[PDB]
Each structure stands twice: as structure tokens, then as C-alpha cells.
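Below is one structure, written out as C-alpha cells, with a few remarks after it.
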Amino acid sequence: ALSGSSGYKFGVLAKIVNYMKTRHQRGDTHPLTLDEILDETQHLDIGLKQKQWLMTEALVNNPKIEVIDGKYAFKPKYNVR
């Protein structure tokens with residue numbers, strides 16, 4: 001269980017969601033590649049483990065993340081008003 005702490009994966013994912021949410025809020029609701037997200041979220045160095053997990057777990061199961069032109073976008077509809 002997460003008895004020790006809670007940051008690995010979770011923190012980065014929350015920052016990605018928050019980032020996309022904010023960038024989407026101001027006007028850039030357009031989709032963004034995985035790499036484009038890393039930079040703005042300060043997760044360029046990241047690591048193969050997280051990078052892969054984001055691609056084949058986080059940015060696919062996360063409801064707020066909408067897959068459009070293969071890239072990852074934020075989901076406004078049926079969630080935010």
C-alpha cells in the first residue's frame with residue numbers, strides 16, 4: 001500500500017492533468033503529443049518506466065485525457081461546465 005508516501009507516477013500524472021486542464025482552459029484545447037506534455041510538466045528526463053506507463057496506462061485510462069489525433073487532449077464535455 002501507499003503507506004510510505006504518494007508521489008511516484010501520481011504526482012507527475014496530476015501535474016499533467018493540471019497542466020492540460022490549464023492550457024485547455026485559457027484556449028489551447030487542441031491535442032498535444034506525449035513529448036509536448038513532458039516539457040511543460042517538467043518531465044522530459046522522466047524515465048522509460050513512467051514514459052511507457054503514461055502512454056499505455058495513464059493517458060488512456062484517465063477519463064480527463066481524451067485521445068483524438070493519436071495525441072492526448074483534455075476532456076471538457078460531460079465533466080466540466
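Summed over region 44-66, residues that are among the β-branched types (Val, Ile, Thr) and in contact (Cβ under 8 Å) with a residue 12 or more places away in the chain total 2.
Filtered by the rule that a residue be surrounded by fewer than 16 Cβ atoms within 10 Å (Cβ to Cβ) and farther than 14 Å from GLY70 by Cβ, region 27-38 gives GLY27, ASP28, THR29.
Selection over region 26-44 of residues that are under 11 Å from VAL12 (Cβ atoms) and out of contact with any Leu (no Cβ under 6 Å at 6 or more places or on another chain) gives a count of 4. For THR41, the conditions (1) hydroxyl-bearing (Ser, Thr, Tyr); (2) in contact (Cβ under 8 Å) with a residue 40 or more places away in the chain; (3) surrounded by 16 or more Cβ atoms within 10 Å (Cβ to Cβ) all hold with the exception of (2).
Each row is one residue, and each column tells you yes or no for (1) in a loop (DSSP other than H, G, I, E, B); (2) closer than 17 Å to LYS75 by Cβ; (3) out of contact with any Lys or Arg (no Cβ under 7 Å at 6 or more places or on another chain).
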| site | (1), (2), (3) |
| --- | --- |
| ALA1 | yes, no, yes |
| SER5 | yes, no, yes |
| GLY11 | no, no, yes |
| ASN18 | no, yes, yes |
| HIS24 | no, yes, yes |
| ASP28 | yes, yes, yes |
| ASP45 | yes, no, yes |
| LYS49 | no, no, yes |
| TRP53 | no, no, no |
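Where a number appears in this text, it was derived from the coordinates with a stated rule and is not lab data. For neighbour counting, all protein chains shown are included, and Cβ atoms are generated from backbone atoms with ideal geometry for every residue, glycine included.
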